[PDB]
């Protein structure tokens, strides 16, 4: 990608979404979401939020490319859970890249 790095795989985390249905849906579907994130070096962003917003958009978009090719879709529920998953990973990624400065 255009100046994009790829972080290492992270463990899939148990995330609670607050309702019995969403909790079950996520547990049944979490393996279909990213377990690594695309990002740019920290100096390419004015602040953490900018870094994190971009990392999430790129990561989801590119993951929404590989599963489309595989024949599958993402529901609205999927995209919302995925964006919450990816945002946690993107922050973790920033933390690494950050505390080294």
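Heads up, chain A uses Swiss-Prot numbers, so what you see runs 136-236.
Determined by X-ray crystallography, 2.2 Å, according to the entry header.
Heads up, the Cβ atoms here are built off N, Cα and C, so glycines get one too.
Look at Swiss-Prot and you will find 190-225 tagged as disulfide bond. Secondary structure from DSSP puts residue 225 (disulfide bond) in a helix. For residue 225 (disulfide bond), the number of other Cβ atoms no farther than 10 Å from its own Cβ, over all displayed protein chains, is 26.
Marked as N-linked glycosylation site by Swiss-Prot: 192 (among others). Under DSSP, residue 192 (N-linked glycosylation site) is assigned to a helix (H, G or I) in the three-state scheme. Around residue 192 (N-linked glycosylation site), no same-chain residue six or more apart in sequence has its CB under 8 Å from its CB.
The DSSP secondary structure for residue 208 (N-linked glycosylation site) is coil. Around the Cβ of residue 208 (N-linked glycosylation site), the same chain contributes 202, each under 8 angstroms and 6 or more positions distant in sequence. Taken from Swiss-Prot, the feature N-linked glycosylation site covers 208 (among others).
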> Just counting, how many other CB atoms are there within 10 A of the CB of residue 190 (disulfide bond)?
Replying inline: 25
